[PDB]
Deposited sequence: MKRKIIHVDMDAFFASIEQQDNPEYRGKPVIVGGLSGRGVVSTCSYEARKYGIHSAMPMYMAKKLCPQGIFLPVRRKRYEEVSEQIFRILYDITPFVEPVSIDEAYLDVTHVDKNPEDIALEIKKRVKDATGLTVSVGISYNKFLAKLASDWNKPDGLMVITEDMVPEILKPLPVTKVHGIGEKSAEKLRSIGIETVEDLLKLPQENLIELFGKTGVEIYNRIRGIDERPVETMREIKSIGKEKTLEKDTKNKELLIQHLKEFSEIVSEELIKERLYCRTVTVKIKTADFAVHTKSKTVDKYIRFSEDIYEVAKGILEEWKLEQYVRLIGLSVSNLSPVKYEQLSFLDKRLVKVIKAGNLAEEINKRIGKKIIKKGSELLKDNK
């Protein structure tokens, strides 16, 4: 199997520096400029100051007061993402989109050597957009994405089999990639930190992790991945018939669901509210709207509407929100 993983370098910030010459070479931090704003991404200059994604923006401003701080120009970024994925599909149809800036390609049945292929991705992308892309090459998805993130800025790295876990030993498991930021500490707490300390030495998905650390993944590049539903629910602390607290939950659900839609590059037209009542029954009601929606407050408005005209007969112990009837590709 010949697996390539592509990953744009500081995507939003690089787009901003490409569209604004006067921002080049300087720290650029793209994110939410309001109160609880969070860094979406920042250029490699800015990372030298200690800024990283998900960091609160007021901190980033403290670390880098002279930095250029920008809001998220979502639609411009999606433009550039489409003109990159076009090259990706032109190279081969076996493309598994991961995100607005990440794909896998299964080039096992392509003539050119994977190294030449990655070189062509790089060239084609920088000619089309001015941006650099880090490319990984291996026989796996796990390894190919390790290789793409490795020589991260404008990188290119092959990982063949001979370098089965030997080269992975010094990796901090923070960079596990495979499944991290959920065992950031329950492994730093139980004393092992390097893949070395865990190399073939909780989540009950360890059969992935212990296998992934080896050269073994086997999961296929999945073209044609279709999401039918996206949702969130919460079992409640106590039973309730108070539409007000139910709707606060719906509000927070709307935010989560909006974020997942936006990340998936999708829109929705049906909103579903779900309750579990005190006699263990599940009730759902949905509304369909004419115009595609993706914004947290739009989803929330439909959901709030649904809840208000429900007439709860029994006490509620679970509340959930769901979106379906999704936009294409």
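Q: How would you write out the unmodelled ranges of the deposited sequence, numbered from 1?
A: Absent from the structure are positions 1-2, 204-211, 340-384.
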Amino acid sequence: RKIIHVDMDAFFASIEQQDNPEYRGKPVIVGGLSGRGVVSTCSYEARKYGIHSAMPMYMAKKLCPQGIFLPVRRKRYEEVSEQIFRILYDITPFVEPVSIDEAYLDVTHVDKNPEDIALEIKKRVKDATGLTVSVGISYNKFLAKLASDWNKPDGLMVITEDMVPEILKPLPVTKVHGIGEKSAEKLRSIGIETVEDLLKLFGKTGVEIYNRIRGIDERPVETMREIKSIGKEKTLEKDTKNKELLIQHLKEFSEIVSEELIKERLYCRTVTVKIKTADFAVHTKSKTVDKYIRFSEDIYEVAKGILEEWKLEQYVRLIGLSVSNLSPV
From here on, numbers count along this sequence of modelled residues.
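Q: Give the stretch, out of 216-224 and 141-149, with the larger mean C-alpha temperature factor in the deposited entry.
A: Comparing 216-224 with 141-149, the higher average CA B-factor belongs to 216-224.
Q: On mean C-alpha B-factor from the PDB entry, just flag whether 93-101 or 112-120 is the higher one.
A: Of 112-120 and 93-101, the stretch with the higher C-alpha B-factor average is 112-120.
Q: Hey, out of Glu78, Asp162, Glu233, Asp239, whose CA B-factor is highest in the deposited coordinates?
A: Among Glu78, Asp162, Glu233, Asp239, the PDB entry lists the largest C-alpha B-factor for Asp162.
Q: Looking at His249, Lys204, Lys126, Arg73, which has the biggest Cα B factor in the entry?
A: Across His249, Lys204, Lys126, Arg73, the entry lists the biggest C-alpha B-factor for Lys204.
Q: By its CA B factor, does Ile84 count among the lowest, middle or highest third of the modelled residues in the chain?
A: Answer is middle: the recorded C-alpha B-factor places it there.
Q: Once the chain's modelled residues are ordered by C-alpha B factor and cut into thirds, is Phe12 in the lowest, middle or highest one?
A: Its C-alpha B-factor, which the entry lists for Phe12, ranks in the lowest third among residues of this chain.
Q: Sorting the chain's modelled residues by C-alpha B-factor, tell me whether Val329 ends up in the lowest, middle or highest third.
A: Highest third of the chain for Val329's C-alpha B-factor.
Q: Among the modelled residues of its chain, does the C-alpha B-factor of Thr132 lie in the lowest, middle or highest third?
A: It falls in the bottom third of the chain.
Q: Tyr315's Cα B-factor: lowest, middle or highest third of the chain?
A: For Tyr315, whose C-alpha B-factor we compare with every modelled residue in the chain, the answer is the middle third.
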